[PDB]
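**Q** The structure's right below; bear with me while I get my questions together.
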């Protein structure tokens, strides 16, 4: 799930 | 288009809607963060969300638009 990895990434570092 | 923009707004939408409930926000991050660790399975991610946003369709729906046909989301009555 590439969308799950990108989701957590933005949550852990989305800026 | 499930991109950095879609994920960004989602987080901001979950923060405002739950401005009086930080517990819910911290819970969502735990699911995603826990997934990155490669410990929690897929079913576990959709399960938490399905329970976290039990009274929020626009939330469970917004996330549903990211999950593929394989791992869909259920709405336990």
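Residue numbers (the entry's author numbering), protein chains in the order written: chain B, 43 to 57; chain A, 31 to 107.
Just so you know, even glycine gets a beta-carbon here, dropped at the ideal spot from N, CA and C.
Kindly give me the distance between the Cβ atoms of residue 59 (chain A) and residue 53 (chain B), rounded to whole angstroms, as I take these residues to be in contact under 8 Å.
**A** Taking the first residue of the second chain as 1, we reach residue 59 (chain A) at position 29. Taking the first residue of the first chain as 1, we reach residue 53 (chain B) at position 11. Right, their Cβ atoms sit about 5 Å apart.
**Q** Can you pull the chain B residues whose beta carbon is under 8 Å from the beta carbon of residue 72 (chain A), in chain order?
**A** Position 42 of the second chain, counting from 1, holds the residue named residue 72 (chain A). Neighbours of residue 72 (chain A) on chain B, chain order: 43 and 46.
**Q** Buried or exposed: which applies to residue 79 (chain A), given that a residue is buried once 16 or more other Cβ atoms fall within 10 Å of its Cβ?
**A** Start at 1 with the first residue of the second chain, and residue 79 (chain A) comes out as number 49. Around the Cβ of residue 79 (chain A), a 10 Å sphere holds 16 or more other Cβ atoms; the residue is buried.
**Q** Quick check on the DSSP output: the alpha helix (DSSP H) that includes residue 106 (chain A) runs from which residue to which?
**A** Indexing the second chain from 1 puts residue 106 (chain A) at position 76. Looking at the DSSP string, residue 106 (chain A) is not in any alpha helix (DSSP H), and its letter there is neither H nor E.
**Q** Residue 60 (chain A) lies in the alpha helix (DSSP H); which residues open and close that run?
**A** Taking the first residue of the second chain as 1, we reach residue 60 (chain A) at position 30. From DSSP, the alpha helix (DSSP H) with residue 60 (chain A) extends over 52 to 66.
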